[PDB]
Amino acid sequence: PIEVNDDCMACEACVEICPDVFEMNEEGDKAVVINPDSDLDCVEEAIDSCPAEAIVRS
Ligand code: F3S
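Quick look at the structure:
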């Protein structure tokens, strides 16, 4: 499933783009995945919009 790696911080950008695919952890200390098998371009915008490009279709 999609992964935001660990190096990621918590910009919440991907969450602000697709909070249905990527949501804040328990404390927002890391971007947690919600749709480990989405099917939208949100991943494209969630990645592009992501400067840390920690999001990958691993
Ligand atoms: S920094 Fe982390 S919170 Fe989303 S926007 Fe890039 S995976």
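Going letter by letter, the sequence shown gives residues 1 to 58 in the deposited numbering. All C-beta atoms in this analysis are idealised placements derived from N, C-alpha and C, irrespective of residue type, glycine included.
Reduced DSSP category for residue i - H, G, I as helix; E, B as strand; rest coil
{"i": "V15", "result": "helix"}
{"i": "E23", "result": "strand"}
{"i": "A52", "result": "coil"}
{"i": "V33", "result": "strand"}
Same chain, Cβ closer than 6 Å to residue i, five either side skipped, listed in chain order
{"i": "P36", "result": "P1"}
{"i": "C8", "result": "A31, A52 and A54"}
Sequence-distant residues of the same chain with beta carbon closer than 7 Å to residue i, five excluded per side
{"i": "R57", "result": "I2 and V43"}
{"i": "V32", "result": "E23, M24 and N25"}
Contact belief for residue i with residue j at Cβ below 8 Å, rounded distance in angstroms
{"i": "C14", "j": "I55", "result": "6 Å"}
{"i": "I34", "j": "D20", "result": "6 Å"}
Identity of the residues DSSP links to residue i by a beta bridge
{"i": "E3", "result": "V56"}
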